[PDB]
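Shown next as C-alpha cells: one chain only, the form deposited in one PDB entry.
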C-alpha cells in the first residue's frame, strides 16, 4: 500500500503550536550577491555556461542568468523544474581500473541557478526557523559536549527515566507530497519579503513536490539543498513524533531530533506500561507515514540507547569527577582508517573520527597514535587535509587538533581515565577481531610519538602535551588552550586555529 497518511487531532494541535512559533520568525530575503557567496567552491556546474567560481566571485553571465531564474520563479507558479541525477563514485570500495561498473551513490539536484535562488528565498528561514520552532529539541545546534550535557541533564530531570530511539527508514526518497506542503505552510508563517513568499510557493510546487529528472523519468524524492532537506526532515519528524508522544500518552517527554533520527526521554510508568506506550507510539508514527526501521525498545540505562550510530558512556577526569561522552562501536572507524593507511582519500574519515570522538578510548589510543606516527614519518603534520564531517568538507591541519577538541569536547577530553569495562571490552574485542595490536602496544607507541612531537616545538609540541598526556606516567598539568578573542588580538598573530 506504500505511503498512506492518516492525520488526527494530536497532529493538528502540534502543527498549530509550530505555526504559532513560526510566526515569531522574521526572515530576510538574500540578494544575488549574498546568495552567490554561500555557493560551495565545488558546487556542480550550470547547464547554462557557468559553474561555481563564476557565481562564487560574481560574473555578468552567472548573475544575469540567476536573476532571470528568479524572475521566472516569481512569474511561473506551476511549470516543473528539471533536476539532474548523477552517480558520485564510492570512496571505500574497490574501483575498476581499465573497465567495469563503478560502485556509486546517486545524487539528485536542480540547476546551479535554481540552487542560488533557493538560498535567496530560504537560507535565512532554514538557518533560524528550526531552533525557533523546536527549541532544545533541535539536534543540530549542539556540539558533542553540549549534546551529552543536554541528554544527561534530561535523564537526571526524571524521577524514573525511560528512553528510546526511533529511526524512520529511507524517508528522504519516500517524502509524501503532504509533508512537503505542510513544511511550506510552516515556512509561510514567517515575516517574509513578498518575493520570498512567492519564490517559496513556486519552488515547492515546481521542484520540491516532484518533477522530471535527467542525465530519464519523474521524481518524488528530495531535490532541495542540504540545509533545506535537513530543516524539512527535522520539522516533519518533530511534528509526527510530538503528536505520537501525545497519542501514546508519554509523560514529561524530552525529545532530541536530527533529521529522521530521534530520541525521547520520559517518565517510566512501569515495564509493561512502557512496552504498551511504545507500541502506541509506533502505531501513531506509522499512521503519520513514518514507520520504524527496527521497532523501538524502552531503555532504563541512558548508555543502552543508540542513536546516530552513537551512545553515551562514562569516564573520569583527573579529579575523579564523572565525565559523560558520546562513543560508538569502533569497527567501521578502524576499517575506514585501515583503508586510508593504504590509500589517500578525499574524506579523511580518520580525522573526522578523531574530531567527533576525541574523548573515546579508541580515538585517543589508536587513531591519534597511528596517524601522528604516519604524519611524523611523512613530514606532513603542517599539511591541511580535506575532511568530511557530516554535511560539509573542511580543510583541517592536524596541528590544530588540541584547539578543535577543546572547543567541541572541553578540556576534560585530554584527561579522561577509568573508562567503563563494557566500553573497554567492546574496543579490546574489536582489536582482537581485526588483528590490531592490543591497547598496551598503543601506549608504548604513543610514548615514542609524544617524544618526537615534543622535540619539534610549537603546535607539534602542544599535540604531544595535550593529545598524548594519557600515555605518560608523570602527567603534565594541562591548562585551557586560549582562543584569540581571549588573548584580545587578531588571528594573524596567533598560530593555527585562532577564532575564524
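Numbering follows the first chain given and starts at 1. Rigid core here is just the name for the largest C-alpha set that superposes within 1.5 Å across the two forms.
Unmodelled stretch separating residue 215 from residue 216: 4 to 9 residues (count of deposited-sequence residues without coordinates). Look at the mean CA B-factor for 362-370 and for 119-127 in the entry; the higher one is 119-127.
Legend: mean Cα B-factor per stretch from the PDB entry, 345-353 versus 225-233; the higher mean is in 225-233. Of the candidates 469, 448, 462, 31, it is 31 whose Cα B-factor is highest according to the PDB record. Comparing the C-alpha B-factors of 454, 434, 38, 441 in the entry, the top value falls on 38. When the modelled residues of the chain are ordered by C-alpha B-factor, residue 428 sits in the lowest third. In the deposited entry, the Cα temperature factor of residue 146 places it in the lowest third of its chain's modelled residues. Remark: residue 72 belongs to the highest third of its chain, ranked by C-alpha B-factor as recorded. Among the modelled residues of its chain, residue 175 has a C-alpha B-factor that falls in the highest third according to the deposited record. Residue 297 sits in the middle third of its chain by CA B factor, as recorded in the PDB entry.
Absent from the display: the form deposited in another entry. The rest refers to it.
Just one residue from the list 196, 243, 367, 427 crosses the 2 Å line for C-alpha shift between this form and the one not shown on a rigid core fit, and it is 196. With a cut-off of 2 Å and the rigid core superposed, residue 335 has a Cα displacement that falls short of the cut-off between this form and the one not shown. Shown in the overlay between this form and the one not shown, fitted on the rigid core, is a CA shift at residue 83 of 2 Å or greater. Superposition on the rigid core between this form and the one not shown places the CA atom of residue 225 2 Å or more away from its counterpart.
Legend note: Cα of residue 327 to Cα of residue 91 is at least 3 Å closer in the other form than in the depicted form.
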